[PDB]
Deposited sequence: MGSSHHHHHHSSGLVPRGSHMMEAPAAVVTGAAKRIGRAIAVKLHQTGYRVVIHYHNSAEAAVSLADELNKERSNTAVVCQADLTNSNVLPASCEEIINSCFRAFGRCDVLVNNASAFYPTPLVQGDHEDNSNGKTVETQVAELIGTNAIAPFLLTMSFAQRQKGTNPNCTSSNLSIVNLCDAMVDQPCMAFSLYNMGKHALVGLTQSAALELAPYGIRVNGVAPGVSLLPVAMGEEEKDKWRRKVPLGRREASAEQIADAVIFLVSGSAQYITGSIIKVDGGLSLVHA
């Protein structure tokens, strides 16, 4: 038949764009969600209606507990269960909020920010590999502004730095098994829904390429390339998709 992909947090925003675009490219997909049951279902609906029985949903909480392992195993599972194979893993799901050094308790923050951002990708990676001709690859959602961090976002930043480390080490380690591991690093994309609107323009104006944020589909485009046969020799690479934002000094 046709290849299959798991996308994490695929309900909304960047994950949904990735999901749809993988589908259009001919992937059967698992739409993982935590909170967005509705949205997951609706997207599955839309993809199933397009090609019969090619989109399934999956619940899991990706916080750092004692049960993350099983959850990550569950997610990889259902991809094999629904489609009998798993070609692609997109690590998209992610928490993001400030954690000031001079001031949810901390370990909540750690489980979410370190847990979702780093540890869960590590576990999914381990399951994806464990259960493996083909074109297998993993794509991690990184952050182009990792070296010029937002003030008071240490934990978030630590977790994204950790994700670069996983990208590198897993690319090395899984290269023998023909599994590629890559990253996509957005700058400013879909801005926080809560963040002010006139405040949003402030950020848009800093971006060299067209004074605007990346659309979700732009991010998705890079993911598509990395999983494709056009990237068959690409592993351990992180592709920034930031419109030049990371090149701009203070």
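- No C-alpha positions are given in the record for the deposited-sequence stretches 1-22, 126-134, 164-171.
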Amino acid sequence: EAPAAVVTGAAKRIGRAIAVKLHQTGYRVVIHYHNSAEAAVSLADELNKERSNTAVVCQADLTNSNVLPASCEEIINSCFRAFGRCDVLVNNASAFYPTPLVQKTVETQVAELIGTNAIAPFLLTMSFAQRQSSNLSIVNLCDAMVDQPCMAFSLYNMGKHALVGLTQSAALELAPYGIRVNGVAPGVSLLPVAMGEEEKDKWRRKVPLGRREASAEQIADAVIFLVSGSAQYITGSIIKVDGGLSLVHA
From here on, numbers count along this sequence of modelled residues.
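Definition used throughout: the rigid core is the maximal C-alpha set that superposes within 1.5 Å between two forms.
- Core superposition of the other structures onto this form places the C-alphas of 208-216 farther off in 9 other deposited structures of this protein than those of the other stretch among 208-216 and 50-58.
- Modelled in this chain, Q148 is likewise resolved in all the other entries of the protein that span it on both sides, not missing from even a third of them.
- In all of the other compared structures of this protein with flanking residues present, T105 is modelled, so it falls below the one-third mark for missing coordinates.
- Comparing the deposited coordinates for 229-237 and 17-25, the stretch with the larger average C-alpha B-factor is 17-25.
- In this crystal structure, the stretch out of 238-246 and 7-15 whose C-alpha atoms carry the higher mean B factor is 7-15.
- Per the PDB entry, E107 shows the highest C-alpha temperature factor of the residues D147, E173, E107, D143.
- Among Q130, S137, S154, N117, the highest C-alpha B-factor in the deposited entry belongs to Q130.
- Ranked by C-alpha B-factor against the other modelled residues of its chain, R85 falls in the middle third.
- Per-chain ranking of the deposited C-alpha B factor places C72 in the middle third.
- Ranked by Cα temperature factor within the chain, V184 sits in the lowest third according to the deposited record.
- Looking at the C-alpha B-factors along this chain, the one for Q168 belongs to the lowest third.
- Sorting the modelled residues of the chain by their CA temperature factor places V57 in the middle third.
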